[PDB]
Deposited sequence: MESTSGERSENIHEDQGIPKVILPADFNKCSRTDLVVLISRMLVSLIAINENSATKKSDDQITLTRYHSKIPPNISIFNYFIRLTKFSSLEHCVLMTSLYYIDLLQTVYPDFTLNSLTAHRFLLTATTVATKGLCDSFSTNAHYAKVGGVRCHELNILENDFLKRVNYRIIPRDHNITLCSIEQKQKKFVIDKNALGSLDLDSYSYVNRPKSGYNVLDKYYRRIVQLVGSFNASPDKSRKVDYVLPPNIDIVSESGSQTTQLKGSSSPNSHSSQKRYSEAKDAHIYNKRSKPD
């Protein structure tokens, strides 16, 4: 027998401890798959850090006042970076450094209240400079296309530097909620996949998560 908390439709009206368990769950599920299936990146650690993703994730949340939309954005930034930085895969060597980075770009990019990198580096465990070049890397690879919007990923992929081929490979109007439908789409997805207790980081929080069928 295990608890069964029902979440709201709007992720903002929802406890951001719940989001930090939901995302962490999705993260190690990707980490398992992406691995159980090599030019290094800045998001690479020499060895897997001895702190689980969740325990690292709440920490960042508590001591840097990470807003909800930033937590959702962070998850989304995986799909972004994974689609436009060929070299980057999420895996137990990239999670942390990527997370630290994403988190603090989402906040500085999209929010009214934010800290300094020097504040973020301290909580995150890295030197300030470490975080500065780690922040700069991401922004270059993503081409500053950080606003989660329906066509954002595609437009980012298109805005990449393009190889010339012999044969060429071949407006948010009327679009619902002006194309700001991404973060809900992710919210609903993680409750659908890792919402139950069967994912991998069972240890973290013993709960089944529901989302009204609507």
Missing residue ranges, deposited sequence indexing starting at 1: 1 to 16, 54 to 61, 195 to 204, 249 to 293
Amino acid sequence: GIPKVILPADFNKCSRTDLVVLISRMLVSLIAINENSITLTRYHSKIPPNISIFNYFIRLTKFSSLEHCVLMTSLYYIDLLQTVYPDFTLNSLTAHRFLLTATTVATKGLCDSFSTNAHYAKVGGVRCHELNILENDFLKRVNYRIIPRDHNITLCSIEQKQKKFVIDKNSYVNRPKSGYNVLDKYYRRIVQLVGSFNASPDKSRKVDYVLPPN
From here on, numbers count along this sequence of modelled residues.
Segment of higher mean CA temperature factor, 158 to 166 or 141 to 149: 158 to 166
Selected stretch [higher average CA B-factor]: 124 to 132 or 97 to 105: 124 to 132
Record-listed C-alpha B factor of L27: chain third: middle
Third assignment of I53 from its chain's C-alpha B-factors: middle
Chain thirds of CA B-factor: placement of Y187: middle
Third of the chain's Cα B-factor distribution that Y172 belongs to, per the entry: highest
